[PDB]
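Because only heavy atoms are used, hydrogens play no part in the values below, and waters and symmetry mates are left out as well, while side chains stay in. Note that the numbering runs from 1 along the sequence shown for the chain. For ligands, and for the atoms within them, numbers begin at 1 and follow the listed sequence.
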Amino acid sequence: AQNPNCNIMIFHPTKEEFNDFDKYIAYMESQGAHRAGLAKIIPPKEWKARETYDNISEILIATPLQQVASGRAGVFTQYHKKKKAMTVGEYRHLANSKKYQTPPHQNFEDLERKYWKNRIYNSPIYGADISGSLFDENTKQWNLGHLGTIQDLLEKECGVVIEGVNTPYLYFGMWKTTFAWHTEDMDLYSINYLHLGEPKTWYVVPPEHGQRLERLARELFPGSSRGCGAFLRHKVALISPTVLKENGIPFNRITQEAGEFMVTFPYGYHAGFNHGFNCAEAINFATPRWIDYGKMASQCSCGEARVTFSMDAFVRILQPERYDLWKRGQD
Ligand SMILES: O=C(O)CNC(=O)C(=O)O
Ligand SMILES: [Mg+2]
Ligand code: NI
Ligand SMILES: [Zn+2]
């Protein structure tokens, strides 16, 4: 078995190997990359996502979210408070202000310590889930706006044509902006490109050990657990690496820098934080190996997790028994 310790693997494809996305994902998995739940892909040196980032300031962040924490430093939840619209230019100015900017630090490890020590005492503002793309339409390789769609993958594997579309999303982050512990909708893959700015640190649990994370989470967030059998779908719970180590949860960590891709694999729980002002683009995708994860994915039916138009069809076809109860939560 390849990668039996489930380490995060880093890949350095050539420009030739960067031509066929599907085939490269399949190559990574042949080397055991999926076992970690997350891989890093450094693009060939000849590759670029677009020519410059000089003209992005007029993108609108219609609903910036202030991330308010409750709990203790190592075990907390966050809620998202809606703020007034601002432009990327305005957001970047806010991210760089004395109130929100990254503090002095020695190295990524010192900054990670400061994050976990201090995150709960601040409320950073996140421009998340903004439909759109920063890839130049003439970038042909690993252009997240030109990937094959999940609906076409389901049609190719299973023979059923379904409604729905699949498009990318932009994330504008600042120091301490946080992504809570989650797997993707319907335990899909995700791919994330860090277009510009400061780094993003990631934590991940190997898919084969996901249930151990879930069990710890039910212990650490007992009222949430009673309210919903899949409450990590709410994307509100954080658990520090210290707390995971104390409870014997296997995980790994890695820092993504501007110009690098990350791929999360089906049922790979992940969480993390941004180091300072940055802009990432991400999209879900599927392969033939996803299908069986899609069939088994947990669902939130308490009604909190409230998800896309396109997830309907996935649940309808892959999880017909759940469909009924899940759509009652969605309506
Ligand atoms: O970049 C972020 O805030 C979070 N992204 C993801 O969880 C992802 O790409 O799967
Ligand atoms: Mg602009
Ligand atoms: Ni994710
Ligand atoms: Zn729920």
Examine the side chains of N138 and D136 and answer whether a donor and an acceptor come within less than 3.5 Å of each other. yes
Identified side-chain hydrogen bond (donor to acceptor under 3.5 Å, both in side chains) partner of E29 from the options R289, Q2, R35: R289
Which heavy atom of the protein is the closest neighbour of atom 4 (C) of ligand 1, given with residue, atom name and distance? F179 CG, 3.6 Å
Atoms in ligand 1 with a heavy atom of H182 nearer than 4.0 Å: 7 (O)
Polar contact flag for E184 and ligand 1 (N/O pairs, less than 3.5 Å): yes
Counting from 1, what ligand 1 atoms have a heavy atom of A282 closer than 4.0 Å? 9 (O)
Contacting atoms of ligand 1, where contact means under 4.0 angstrom from a heavy atom of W202: 8 (C), 9 (O)
N/O/S atom name from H234 that is nearest to the position of the Zn ion (ligand 4): NE2
Among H182, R212, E214, find the residue that satisfies the side-chain hydrogen bond (donor to acceptor under 3.5 Å, both in side chains) test when tested with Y269. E214
When you measure from atom 10 (O) of ligand 1 to every protein heavy atom, which one gives the shortest distance, and what is it? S190 OG, 2.7 Å
Evaluate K200 for polar contact with ligand 1, using N/O atom pairs at a separation under 3.5 Å. yes
Could you check whether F21 and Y24 have their ring centres less than 6.0 Å apart? no
With atom 5 (N) of ligand 1 as the reference point, say which of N284, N192, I283, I191 has the nearest heavy atom. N192
Closest non-hydrogen protein atom to atom 6 (C) of ligand 1, residue and atom name please, with distance? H270 NE2, 3.9 Å
Option passing ring-ring contact (aromatic ring centres under 6.0 Å, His included) with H275 (candidates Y115, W202, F108): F108
Hey, are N247 and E219 close enough side-chain-wise for a donor-acceptor pair under 3.5 Å? no
Taking the six-membered ring for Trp, are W142 and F18 ring centroids under 6.0 Å apart? yes
Does ligand 1 have an atom that lies less than 4.0 angstrom from a heavy atom of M262? no
State whether the side chain of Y293 and the backbone N or O of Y267 hold a donor-acceptor pair below 3.5 Å, judged by distance alone. no
Residue pair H80 / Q66, side-chain donor-acceptor N/O under 3.5 Å: no
With the Zn ion (ligand 4) at the center, what angle do SG from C228 and SG from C302 span, rounded to 10 degrees? 120°
Among all protein heavy atoms, pick the one closest to atom 2 (C) of ligand 1 and tell me residue, atom and distance. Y126 OH, 3.4 Å
